[PDB]
Amino acid sequence: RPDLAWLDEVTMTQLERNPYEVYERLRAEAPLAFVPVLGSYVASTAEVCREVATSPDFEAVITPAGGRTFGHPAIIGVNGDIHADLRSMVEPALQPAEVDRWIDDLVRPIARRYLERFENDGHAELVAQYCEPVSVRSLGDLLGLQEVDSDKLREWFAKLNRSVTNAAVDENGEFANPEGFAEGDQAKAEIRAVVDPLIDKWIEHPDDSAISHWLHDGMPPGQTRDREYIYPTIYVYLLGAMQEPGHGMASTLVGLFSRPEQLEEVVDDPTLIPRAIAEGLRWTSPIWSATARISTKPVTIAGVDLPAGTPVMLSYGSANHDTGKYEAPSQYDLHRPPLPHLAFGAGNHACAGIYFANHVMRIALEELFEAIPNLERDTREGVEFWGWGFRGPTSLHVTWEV
Ligand code: HEM
Ligand SMILES: COc1ccccc1O
């Protein structure tokens, strides 16, 4: 596309460090555009992301680096009967009435445990000491991974993140950095060594862990789903499900710190925490551009005639700064009117874990603000955000008077 020749000079490093300047141009120039270093069409606006995500002429496809990492059948990358089965497999523990039965007793004692380690220190780096551990410890216990330390769960999602988002391609469309999948393969090998004995056990002795239910639910007597059939969805969980509530919490906190009067409002009135989190997810979407769809028929989207079989990456984090919807979207504003957003995606492949995720983030922030009501950001340290596929702050140094 001639007038987008500037896109040939966009680099993977640029998109990882800060994709918003390129995507502001895309939303104005070409809401559906082929980005050479990603080797794919990308959807950048709210209208195009929502249309592709809900279109009957599209179905799910995994991004190239996502498929190299997760294989088949990753719940995000399949359709039809396999997708319906995998959705029926994951949905029981995520049902709102079910989450409401036990989410408080799950997350609140975990939040308190991690807080007790630093709440009298006067300083902390909340990404590593709080947001990530609460997120992974909550989900890890729900899954049946109680014995996998939070440090290890955090390491695995970081390696899987880098492998799944190792998207750069060269002039021939080949991956530019094939070595960057090695740590994804190493994480998977480690996960197998830990999880294979647990699956061996659960097949014979089912329990209330979610993965035990994935093996047994809905199956004929004495049968379980084959572990190779469920492992790619285990990996989907050990990346995003483990990573994103912590990133959403942390981005919400960075946003609140950027508006001190609003941080104060929320600490004084914790019933505003859900609204603060919803704006946090719009402001820096944790899953920023990690999923995609593929056309099943020739289709015209945003004036582009796509043949059948065309992948489109859904850059929901850009869509959530669409100035057709939002005033000054790069500013965090608690008091934005509560409008639809796309941080959980849309359509038949929209996030299955919204209700659980929102509660994890809510409870963690409630406990944080109760424990440390005079929490302040350490303005001697900068907050750097990183990531194009998954995005969040790489640290969050704070201070408080002791
Ligand atoms: C703040 C935290 C989270 C955010 C922002 C988030 C966001 C997303 C997004 C954008 C997608 C892709 C939707 C699309 O392609 O249209 C997705 C997929 C998915 N998410 Fe969430 N997620 C979060 C936490 C979780 C958690 C904790 C779980 C599990 C307990 C979960 C389970 C899933 C599943 C199973 C899918 C795949 C749905 C499918 O392809 O059918 N997510 N999520
Ligand atoms: C819930 O986890 C994910 C969602 C979308 C893409 C990758 C994931 O691991």
# chains A, B, ... in the order shown; residues from 1 in each chain; ligands from 1
$ residues_near_ligand --ligand "ligand 2" --cutoff "9 Å" --atoms "only C-alpha atoms and all ligand atoms" --output "number ranges by chain"
A: 62, 66, 70, 74-76, 157, 160-161, 164, 233-244, 287, 289-291, 351-353, 389-390
$ write_last_selection --atoms "N, CA and C atoms" --output "mmCIF file, in the first residue's frame"
data_model
loop_
_atom_site.group_PDB
_atom_site.id
_atom_site.type_symbol
_atom_site.label_atom_id
_atom_site.label_comp_id
_atom_site.auth_asym_id
_atom_site.auth_seq_id
_atom_site.Cartn_x
_atom_site.Cartn_y
_atom_site.Cartn_z
ATOM 1 N N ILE A 62 -4.682 -18.507 15.606
ATOM 2 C CA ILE A 62 -3.656 -18.100 16.506
ATOM 3 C C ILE A 62 -2.582 -17.282 15.771
ATOM 4 N N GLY A 66 2.307 -17.274 18.330
ATOM 5 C CA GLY A 66 1.462 -17.932 19.302
ATOM 6 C C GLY A 66 1.286 -19.403 18.980
ATOM 7 N N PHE A 70 2.263 -22.451 21.425
ATOM 8 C CA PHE A 70 1.214 -23.253 22.065
ATOM 9 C C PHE A 70 0.819 -24.536 21.326
ATOM 10 N N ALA A 74 -5.014 -24.922 20.996
ATOM 11 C CA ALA A 74 -5.101 -23.848 21.963
ATOM 12 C C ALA A 74 -6.506 -23.250 21.868
ATOM 13 N N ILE A 75 -7.140 -23.018 23.030
ATOM 14 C CA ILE A 75 -8.531 -22.563 23.003
ATOM 15 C C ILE A 75 -8.659 -21.302 22.153
ATOM 16 N N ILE A 76 -7.621 -20.459 22.145
ATOM 17 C CA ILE A 76 -7.696 -19.226 21.379
ATOM 18 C C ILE A 76 -7.605 -19.441 19.880
ATOM 19 N N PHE A 157 5.160 -17.481 33.023
ATOM 20 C CA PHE A 157 4.375 -16.603 32.144
ATOM 21 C C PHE A 157 5.260 -15.584 31.467
ATOM 22 N N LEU A 160 6.701 -17.557 28.474
ATOM 23 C CA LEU A 160 5.673 -17.789 27.470
ATOM 24 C C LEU A 160 5.287 -16.486 26.779
ATOM 25 N N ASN A 161 5.261 -15.366 27.540
ATOM 26 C CA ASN A 161 4.934 -14.059 26.961
ATOM 27 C C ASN A 161 5.923 -13.743 25.841
ATOM 28 N N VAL A 164 5.390 -16.178 22.792
ATOM 29 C CA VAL A 164 4.162 -15.952 22.046
ATOM 30 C C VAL A 164 4.207 -14.618 21.293
ATOM 31 N N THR A 233 -4.321 -25.488 26.172
ATOM 32 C CA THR A 233 -5.123 -24.557 26.976
ATOM 33 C C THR A 233 -4.522 -24.353 28.378
ATOM 34 N N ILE A 234 -3.886 -25.378 28.965
ATOM 35 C CA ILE A 234 -3.067 -25.133 30.159
ATOM 36 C C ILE A 234 -2.028 -24.036 29.862
ATOM 37 N N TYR A 235 -1.315 -24.127 28.721
ATOM 38 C CA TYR A 235 -0.322 -23.081 28.417
ATOM 39 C C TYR A 235 -0.975 -21.692 28.238
ATOM 40 N N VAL A 236 -2.147 -21.636 27.578
ATOM 41 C CA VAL A 236 -2.869 -20.361 27.456
ATOM 42 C C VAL A 236 -3.103 -19.777 28.848
ATOM 43 N N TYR A 237 -3.499 -20.630 29.798
ATOM 44 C CA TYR A 237 -3.701 -20.143 31.163
ATOM 45 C C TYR A 237 -2.391 -19.721 31.806
ATOM 46 N N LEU A 238 -1.311 -20.520 31.625
ATOM 47 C CA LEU A 238 -0.056 -20.211 32.314
ATOM 48 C C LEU A 238 0.642 -18.989 31.726
ATOM 49 N N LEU A 239 0.144 -18.468 30.598
ATOM 50 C CA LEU A 239 0.573 -17.145 30.127
ATOM 51 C C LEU A 239 -0.451 -16.110 30.590
ATOM 52 N N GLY A 240 -1.455 -15.860 29.792
ATOM 53 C CA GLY A 240 -2.370 -14.822 30.093
ATOM 54 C C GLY A 240 -3.212 -14.823 31.342
ATOM 55 N N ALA A 241 -3.773 -15.954 31.654
ATOM 56 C CA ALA A 241 -4.574 -15.980 32.838
ATOM 57 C C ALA A 241 -3.736 -15.702 34.088
ATOM 58 N N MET A 242 -2.500 -16.197 34.112
ATOM 59 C CA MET A 242 -1.582 -15.920 35.211
ATOM 60 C C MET A 242 -1.103 -14.461 35.205
ATOM 61 N N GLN A 243 -0.839 -13.920 34.021
ATOM 62 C CA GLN A 243 -0.183 -12.618 33.900
ATOM 63 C C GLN A 243 -1.152 -11.437 33.962
ATOM 64 N N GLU A 244 -2.335 -11.587 33.362
ATOM 65 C CA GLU A 244 -3.085 -10.352 33.086
ATOM 66 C C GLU A 244 -3.725 -9.734 34.333
ATOM 67 N N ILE A 287 -3.968 -7.438 27.614
ATOM 68 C CA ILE A 287 -3.866 -8.150 26.350
ATOM 69 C C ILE A 287 -4.057 -7.082 25.278
ATOM 70 N N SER A 289 -2.360 -6.886 21.963
ATOM 71 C CA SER A 289 -2.520 -7.386 20.593
ATOM 72 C C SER A 289 -2.044 -8.826 20.541
ATOM 73 N N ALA A 290 -2.734 -9.706 21.260
ATOM 74 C CA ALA A 290 -2.269 -11.099 21.322
ATOM 75 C C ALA A 290 -3.141 -12.101 20.604
ATOM 76 N N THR A 291 -4.304 -11.697 20.117
ATOM 77 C CA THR A 291 -5.171 -12.616 19.421
ATOM 78 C C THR A 291 -5.498 -12.075 18.033
ATOM 79 N N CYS A 351 -12.969 -13.076 26.194
ATOM 80 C CA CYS A 351 -12.404 -13.616 27.436
ATOM 81 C C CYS A 351 -13.462 -14.436 28.188
ATOM 82 N N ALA A 352 -13.074 -15.633 28.644
ATOM 83 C CA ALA A 352 -13.968 -16.501 29.419
ATOM 84 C C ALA A 352 -13.877 -16.253 30.911
ATOM 85 N N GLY A 353 -12.880 -15.494 31.346
ATOM 86 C CA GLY A 353 -12.571 -15.343 32.743
ATOM 87 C C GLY A 353 -12.807 -13.934 33.290
ATOM 88 N N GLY A 389 2.295 -7.380 22.450
ATOM 89 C CA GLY A 389 1.241 -8.368 22.554
ATOM 90 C C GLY A 389 0.510 -8.310 23.877
ATOM 91 N N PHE A 390 1.279 -8.343 24.966
ATOM 92 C CA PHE A 390 0.812 -8.177 26.345
ATOM 93 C C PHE A 390 1.555 -6.968 26.881
#
$ closest_atom_pairs --of "stretch 12-111 of chain A" --to "stretch 356-364 of chain A" --cutoff "7 Å" --atoms "only C-alpha atoms" --output "CSV"
residue,atom,partner,partner_atom,distance
A:94,CA,A:356,CA,6.2
A:99,CA,A:356,CA,6.3
A:107,CA,A:360,CA,6.4
A:108,CA,A:363,CA,6.3
A:111,CA,A:364,CA,5.8
$ residues_around --residues "residue A:72" --least-positions-apart "3" --cutoff "10 Å" --atoms "only C-alpha atoms" --output "mmCIF file with N, CA and C atoms, in the first residue's frame"
data_model
loop_
_atom_site.group_PDB
_atom_site.id
_atom_site.type_symbol
_atom_site.label_atom_id
_atom_site.label_comp_id
_atom_site.auth_asym_id
_atom_site.auth_seq_id
_atom_site.Cartn_x
_atom_site.Cartn_y
_atom_site.Cartn_z
ATOM 1 N N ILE A 62 -4.682 -18.507 15.606
ATOM 2 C CA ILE A 62 -3.656 -18.100 16.506
ATOM 3 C C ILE A 62 -2.582 -17.282 15.771
ATOM 4 N N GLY A 67 1.118 -19.728 17.687
ATOM 5 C CA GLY A 67 0.968 -21.143 17.334
ATOM 6 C C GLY A 67 2.285 -21.888 17.483
ATOM 7 N N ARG A 68 3.415 -21.241 17.129
ATOM 8 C CA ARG A 68 4.713 -21.887 17.350
ATOM 9 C C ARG A 68 4.909 -22.233 18.820
ATOM 10 N N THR A 69 4.353 -21.415 19.710
ATOM 11 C CA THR A 69 4.548 -21.637 21.133
ATOM 12 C C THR A 69 3.559 -22.655 21.682
ATOM 13 N N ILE A 75 -7.140 -23.018 23.030
ATOM 14 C CA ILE A 75 -8.531 -22.563 23.003
ATOM 15 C C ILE A 75 -8.659 -21.302 22.153
ATOM 16 N N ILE A 76 -7.621 -20.459 22.145
ATOM 17 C CA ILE A 76 -7.696 -19.226 21.379
ATOM 18 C C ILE A 76 -7.605 -19.441 19.880
ATOM 19 N N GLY A 77 -7.207 -20.628 19.413
ATOM 20 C CA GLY A 77 -6.842 -20.778 18.030
ATOM 21 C C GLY A 77 -7.740 -21.742 17.278
ATOM 22 N N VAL A 78 -8.774 -22.255 17.928
ATOM 23 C CA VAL A 78 -9.619 -23.259 17.300
ATOM 24 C C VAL A 78 -11.064 -22.797 17.297
ATOM 25 N N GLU A 228 -2.743 -34.465 25.924
ATOM 26 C CA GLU A 228 -2.237 -33.634 24.824
ATOM 27 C C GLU A 228 -3.323 -32.716 24.292
ATOM 28 N N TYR A 229 -4.578 -33.109 24.467
ATOM 29 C CA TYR A 229 -5.703 -32.275 24.046
ATOM 30 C C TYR A 229 -5.897 -31.079 24.967
ATOM 31 N N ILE A 230 -5.543 -31.176 26.258
ATOM 32 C CA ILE A 230 -5.737 -30.049 27.152
ATOM 33 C C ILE A 230 -4.467 -29.209 27.389
ATOM 34 N N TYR A 231 -3.280 -29.751 27.104
ATOM 35 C CA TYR A 231 -2.082 -28.996 27.460
ATOM 36 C C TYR A 231 -2.013 -27.616 26.778
ATOM 37 N N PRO A 232 -2.371 -27.433 25.502
ATOM 38 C CA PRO A 232 -2.269 -26.070 24.933
ATOM 39 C C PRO A 232 -3.150 -25.077 25.664
ATOM 40 N N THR A 233 -4.321 -25.488 26.172
ATOM 41 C CA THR A 233 -5.123 -24.557 26.976
ATOM 42 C C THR A 233 -4.522 -24.353 28.378
#
$ select_by_dssp --residues "stretch 66-315 of chain A" --states "helix (DSSP H, G or I)" --output "PyMOL selection string"
chain A and resi 66-70+75-77+80-90+92-94+96-116+126-143+150-164+178-204+210-216+227-258+260-268+270-283
$ residues_around --residues "stretch 333-338 of chain A" --least-positions-apart "4" --cutoff "8 Å" --atoms "only C-alpha atoms" --output "PyMOL selection string"
chain A and resi 255-256+259+262+275-276+279
$ write_last_selection --atoms "N, CA and C atoms" --output "mmCIF file, in the first residue's frame"
data_model
loop_
_atom_site.group_PDB
_atom_site.id
_atom_site.type_symbol
_atom_site.label_atom_id
_atom_site.label_comp_id
_atom_site.auth_asym_id
_atom_site.auth_seq_id
_atom_site.Cartn_x
_atom_site.Cartn_y
_atom_site.Cartn_z
ATOM 1 N N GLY A 255 -2.062 4.377 36.761
ATOM 2 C CA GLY A 255 -3.016 5.397 36.347
ATOM 3 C C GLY A 255 -3.527 6.241 37.497
ATOM 4 N N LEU A 256 -3.924 5.592 38.604
ATOM 5 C CA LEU A 256 -4.342 6.327 39.790
ATOM 6 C C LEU A 256 -3.220 7.221 40.306
ATOM 7 N N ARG A 259 -3.045 10.508 38.724
ATOM 8 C CA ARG A 259 -4.138 11.417 39.073
ATOM 9 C C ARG A 259 -4.308 11.369 40.590
ATOM 10 N N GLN A 262 -7.572 11.377 42.355
ATOM 11 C CA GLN A 262 -8.375 10.172 42.138
ATOM 12 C C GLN A 262 -7.892 8.998 42.997
ATOM 13 N N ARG A 275 -14.593 0.626 39.135
ATOM 14 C CA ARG A 275 -14.532 1.663 38.098
ATOM 15 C C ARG A 275 -13.092 2.029 37.765
ATOM 16 N N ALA A 276 -12.257 2.113 38.791
ATOM 17 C CA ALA A 276 -10.841 2.425 38.584
ATOM 18 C C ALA A 276 -10.149 1.349 37.740
ATOM 19 N N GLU A 279 -11.295 1.530 34.001
ATOM 20 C CA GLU A 279 -10.516 2.554 33.297
ATOM 21 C C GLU A 279 -9.045 2.138 33.118
#
$ atom_distance --atom1 "atom CA of residue A:165" --atom2 "atom CA of residue A:85"
26.5 Å
$ residues_around --residues "residue A:47" --least-positions-apart "2" --cutoff "12 Å" --atoms "only C-alpha atoms" --output "number ranges by chain"
A: 27, 31-32, 43-45, 49-55, 301-302, 314-316, 318-325, 340-342, 346
$ closest_residue --among "A:80, A:350, A:371, A:64" --to "residue A:178" --atoms "only C-alpha atoms"
A:64
$ residues_around --residues "residue A:298" --least-positions-apart "2" --cutoff "9 Å" --atoms "only C-alpha atoms" --output "tab-separated table (two decimals) with C-alpha atoms, in the first residue's frame"
chain	number	residue	atom	x	y	z
A	57	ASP	CA	-17.07	-14.29	8.04
A	295	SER	CA	-11.41	-14.60	7.18
A	296	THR	CA	-13.29	-17.69	5.96
A	300	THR	CA	-14.25	-6.14	2.68
A	305	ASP	CA	-10.79	-6.32	0.04
A	306	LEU	CA	-9.43	-9.37	1.90
A	307	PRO	CA	-9.27	-12.80	0.27
A	308	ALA	CA	-10.41	-15.82	2.23
A	309	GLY	CA	-7.72	-17.10	4.61
A	310	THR	CA	-6.48	-13.61	5.66
$ closest_residue --among "A:166, A:348, A:395, A:209" --to "ligand 1" --atoms "only C-alpha atoms and all ligand atoms"
A:348
$ residues_around --residues "residue A:216" --least-positions-apart "6" --cutoff "12 Å" --atoms "only C-alpha atoms" --output "PyMOL selection string"
chain A and resi 88-90+199+202-210+222-227+230
